[PDB]
Every structure is written in structure tokens, then in C-alpha cells.
**Student:** 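The structure's right below; bear with me while I get my questions together.
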Number of protein chains: 2
Amino acid sequence: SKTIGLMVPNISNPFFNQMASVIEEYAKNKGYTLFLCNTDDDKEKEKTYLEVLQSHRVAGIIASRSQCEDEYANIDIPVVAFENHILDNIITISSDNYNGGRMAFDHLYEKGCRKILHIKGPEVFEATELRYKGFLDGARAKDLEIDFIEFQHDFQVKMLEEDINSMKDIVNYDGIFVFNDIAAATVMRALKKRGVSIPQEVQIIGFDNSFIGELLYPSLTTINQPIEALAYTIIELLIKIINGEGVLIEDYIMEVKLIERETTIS
Amino acid sequence: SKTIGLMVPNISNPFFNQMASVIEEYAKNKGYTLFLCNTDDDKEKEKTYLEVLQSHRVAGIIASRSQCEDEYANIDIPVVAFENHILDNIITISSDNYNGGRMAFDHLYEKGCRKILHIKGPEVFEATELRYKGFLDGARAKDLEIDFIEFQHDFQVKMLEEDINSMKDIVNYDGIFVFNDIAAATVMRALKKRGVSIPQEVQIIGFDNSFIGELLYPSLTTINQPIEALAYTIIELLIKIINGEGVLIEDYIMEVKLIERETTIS
Ligand SMILES: OC[C@@]1(O)OC[C@@H](O)[C@@H]1O
Ligand SMILES: OC[C@@]1(O)OC[C@@H](O)[C@@H]1O
Ligand code: NA
Ligand code: NA
């Protein structure tokens, strides 16, 4: 087989469809095509696709935001993981989510925010947990108390029909850090429906630098994940495993950077 | 195998991510999993994926906005097509794109628009050609001259860094019909960057009812494609072909409807 299976939480999140496009490019450079498999952050869908990919004898699997552990132990096909650690013998590639969360706090604080909310991601996403921890560590360094709201899912179309309890109070914050750009878009939509002015009344920073942050208005200040470097790295390492080349099985963490746009003041 | 290959022409476009999610649900109801294959509206990528899916002996293929023809002749795997016709012995499922184009014209005209632009899709998309023809036939019935601008691609992230020549003149139109909702979002972003008020200065209608129109602000008036009915139908018909059950090979066209939101005046 010259096909690699890429498991995607959902390509409805712009970040994952862009990642899938760029991984496909790097795979093509190495002579591979891709099958994309939608796992929807569901352990049983992931298990099913692992079985289906194995039965189809793909050359390798890229496992994004995995919720398994067990299931991977016997599979005899090369695997690399994006974000979530699976087993100690599978390489995990990620952005520097801890430091990105610190950068997000430092940016809001530098822009004068003192009443701060972090809309954090589901606990099962190692990446969002690290963003939360970096943000909180930043607040602790400034002796600032922060409020949290924890979403239980990444973006789903149903989110557009869901309310936040006490949405009327959100405008009272100086700044809000939202765990990713697509979730930030939903938060800004809710604020706009209530007539809230951004950034005049509240400042917003997201995470990813996915296309949704530039597509909408005002454009979203965010933390860049380096999709090209992530995709390059994932494919380079998977091909080493496929080829039986030596590589230390350890974390590969790519640098992030602040992208200042119109939802924070300057 | 119990796997169906779904060719996806634009994994960046909300409409196709939502279609893929719903097709997956209906396939699961019938006992099938899906592999998604990114064709990127490229004939060579489609040809490649067709070969890869055949080599993997999938149970059936859902072609989507296909640009091939003879490559499908005697591939001995069941195929159904979304939108673009492939061969006379392959069923094509689509929304009622001609009537949706007429509905879009009628709605702008009823809201008082007389200086009207249609940003039309690539000529290789049968669906957008029919939207253009329905819109134009509506204009001709009212003895109204319409202007056209023809995009050569569906949404790509690079569109966010591309300008329309004479963009500063677009505000002069009363109303704009854009060939789909994700393209409409890009047009609205350009207008907003220039300080144009929607719908006060220009009214906008898209096509699809994909989730981006409900993230847009103001929310986007559009023509609904019935994703649930499309997905149900694609899977029902593909399973008939797989099972060798009788079915007339003919067009299946699903009804569309206007969804009035905030980018046209109520
Ligand atoms: O949008 C993608 C993302 O930011 O969502 C949360 C995190 O898991 C991932 O990197
Ligand atoms: O967005 C999806 C879509 O509207 O794009 C153009 C048309 O091919 C298709 O139905
Ligand atoms: Na505030
Ligand atoms: Na106008």
C-alpha cells in the first residue's frame, strides 16, 4: 500500500481541514495518498477506523487527538500521534500549547485586561489542558484571579443553537481567551447578537491561526500553530517508522507565535 | 469490505464537511464505514483516488463534482455521483440548482434590487452553471440587465489574500447573489474591510445553507440544500447498486428553499 490513514476529529473545524490539506501535500512528496477518517472525538469511532485501516493494510496511520491506548498495542502498522499521547512507543507531535497559553495571557494582560475569562476546551484534549495551564500560570504570576467556562466538545454545528448561561455577563470581562479559533468565532457571534463591540467592550484572543479568524470581522488575534512544520514533521517521522529507520521515540513540539489582529487593542 | 469511498472536492468548504458527516451517519445505518478522499476539484487527483479505491476493493464510491468520464467506464465497483454527470449508466443526485438560482433572483428583485451582480462559480461545476442560468432567466423575465464575475475556484484559503479588481465599485450594486455560502463569506469580508453596511447598502444572498452563514454577521440569506435528504438518497441508491437491486438510472433532484436571514431586508 502507498496509502496512509489520517484520523481527523472533524474536518468541520477549519484547523483540521487545513492540516489535512497540508499533510496530503507532504505525503504526496513521499509517494503516498491519504484516506481521511472522521473520528469525531469518539473513542468507539476511533476504534472502528483503526480496525478498518488495519484490514485495508494502509502503510501507516496518523492518529489525531486520540482517546485510545489499549487498541494500539497490538496493531502492527506504523503510527504517529498528533497532540494526545497514546502509548510510550508512539511518537507524539504537537504545537507548544503550554507556552501558547502563557503568550495569550501575557498579551491580554499587556493590553490592560484584568477581569479575564478563559473558555477552555474538553479535558480529554491534552493540547487544551496545556493551554489552560499556561494561561493560569501566567495569571498566578500576576496574582490575578481568572474565571473559566469549560466546553465539552470542539465545534459542532449544533453549537450555533446553544446558549451560554448568563451570557449577559460576558461583556463584563476585559478579555477572553478561547481555546481555539472556531470556538472563538461562535463566542464572538453570540456577543455580536447582543450588540457587544469588540474590541471596545471586550477583547478576544483565540488559538490556531486557522482561516476562520481572518475570514470573520473584526479579524481575530490568535496564537499560530505552524501547520506546515507540523505536517512536514508528522510525515517525516511516519515515513521513518514505515521504513524502519532509527528515531528516538519522544515528543516533537513546534514553536507557536502571537498573531495580533483586530480583536485586541493596539 | 464494508467501506465506501466518498470523494470530497473541497474539504475546506463547510458544505462538504457537513455533507460528509451526514453521509457517514446514513452509511453507518446500512453497515458501512467511509473513507474520505480529497479531490480538490482536480481531475488528476480524482483519477488517482479512483485507482486507489479500486485497489482497496471498496464496496462503492460516491463521486462528487466529478471531472472524469471514461475513467469510470467498466471499473466494476458501484458508483453514484453528486452534481456532475459522469456516464449515462451512473445515477446523479443533486439539489434543484436551477430553481434555486431563480429563487435567489426573485428574492432580490422582490426586495427592490435593480442593479444586480451574480458572482458565479467555475464553469466545470454543473450545479453553479444551473444556478447562473436560473438567475439569468429570472432577470430576462423582468427585462433586467445583470452583471457577472466568474470565480475559477471554490473557496481556498488563499482567497483571503486575493482582491477583486474594482472592488471599490461593488458597493454600487443593490444586490449580489454569490454561488455559495463560503464564497459569500469572502465577499462580505471584502465589503466589510471597506466599511460597507449590509444590508443597508448592498443585499447579499448565498447558496447551500452551510454553517458559515449562521457564523456570518449579519447572518446570511441563502438557498437551502437539503443535506439530510441528499445524504439519505445517495446512500439508499448506492446500496441498491451494491446489492444489485432494480433502479432506473436517472437524475434525483432534491427540493431547495429560501432561508431569509439578515443580509437581505425583511
Ligand atoms: O482547532 C484545533 C485545536 O486548537 O482544537 C483544540 C486542540 O486540540 C487543537 O489543536
Ligand atoms: O458549497 C457547495 C456548492 O454550493 O459549491 C458549488 C456547488 O458545486 C456546491 O453545491
Ligand atoms: Na468588558
Ligand atoms: Na449599493
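Below, chain A is the first sequence line, B the second, and so on; all start at residue 1. Ligands are counted one by one from 1 in listed order, and the atoms in each one are counted from 1 as well.
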**Student:** Would you list the protein N, O or S atoms within less than 3.0 Å of the Na ion (ligand 3), leaving out water?
**Tutor:**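 Checking every protein N, O and S atom gives A:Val171 O, A:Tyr173 O, A:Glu201 O.
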**Student:** Check salt bridge (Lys or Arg N to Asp or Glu O under 4.0 Å) between B:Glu24 and all other residues, then give those that pass, not counting sequence neighbours.
**Tutor:**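 Partners of B:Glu24 by the salt bridge (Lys or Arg N to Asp or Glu O under 4.0 Å) criterion come out as none, since no residue qualifies.
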**Student:** Name each N or O atom in ligand 1 that is under 3.5 Å from a protein N or O, and give the partner atom and the distance.
**Tutor:**
| from | atom 1 | to | atom 2 | distance (Å) |
| --- | --- | --- | --- | --- |
| ligand 1 | 1 (O) | A:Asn13 | ND2 | 2.8 |
| ligand 1 | 1 (O) | A:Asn180 | ND2 | 3.2 |
| ligand 1 | 1 (O) | A:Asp208 | OD2 | 2.6 |
| ligand 1 | 4 (O) | A:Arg131 | NH1 | 2.8 |
| ligand 1 | 4 (O) | A:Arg131 | NH2 | 3.3 |
| ligand 1 | 4 (O) | A:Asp208 | OD1 | 2.6 |
| ligand 1 | 5 (O) | A:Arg65 | NH1 | 3.2 |
| ligand 1 | 5 (O) | A:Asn180 | ND2 | 3.1 |
| ligand 1 | 8 (O) | A:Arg65 | NH1 | 2.9 |
| ligand 1 | 8 (O) | A:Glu83 | OE1 | 2.7 |
| ligand 1 | 10 (O) | A:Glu83 | OE2 | 2.5 |
| ligand 1 | 10 (O) | A:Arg131 | NH2 | 2.9 |
| ligand 1 | 10 (O) | A:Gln225 | NE2 | 3.0 |

**Student:** Hey, what's the ring geometry for B:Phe82 with B:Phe15, parallel, tilted or perpendicular (30° and 60° as the breaks)?
**Tutor:**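 Parallel.
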**Student:** Kindly write out the residues that satisfy salt bridge (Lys or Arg N to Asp or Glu O under 4.0 Å) with A:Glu129, not counting sequence neighbours, or none if the list is empty.
**Tutor:**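 With neighbours one apart ignored, the set is A:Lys120.
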**Student:** Assess the pair B:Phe211 and A:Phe155: is the distance between their ring centroids shorter than 6.0 Å?
**Tutor:**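 Yes: the rings meet the under 6.0 Å criterion.
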**Student:** Quick one: sort the A:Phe177 and A:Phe207 rings into parallel, tilted or perpendicular, breaks at 30° and 60°.
**Tutor:**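 Because their plane-to-plane angle lies in the 30° to 60° range, the rings of A:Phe177 and A:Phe207 count as tilted.
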**Student:** Determine whether the aromatic ring centres of residues A:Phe148 and A:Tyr132 are separated by less than 6.0 angstrom.
**Tutor:**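 Under 6.0 Å, so yes.
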**Student:** Is the number of heavy atoms from other residues, nucleotides or ligands under 6.0 Å of B:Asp251 CG greater than 12?
**Tutor:**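 Yes.
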**Student:** With a cut-off of 6.0 Å (strictly less than), are more than 12 heavy atoms of other residues, nucleotides or ligands near NZ of A:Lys43?
**Tutor:**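 No, the 6.0 Å shell around NZ holds no more than 12 heavy atoms from other groups.
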**Student:** Identify whether the distance between the nearest side-chain nitrogen and carboxylate oxygen of A:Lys45 and A:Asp40 falls below 4.0 Å.
**Tutor:**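 A salt bridge is present here (some side-chain N lies under 4.0 Å from a carboxylate O).
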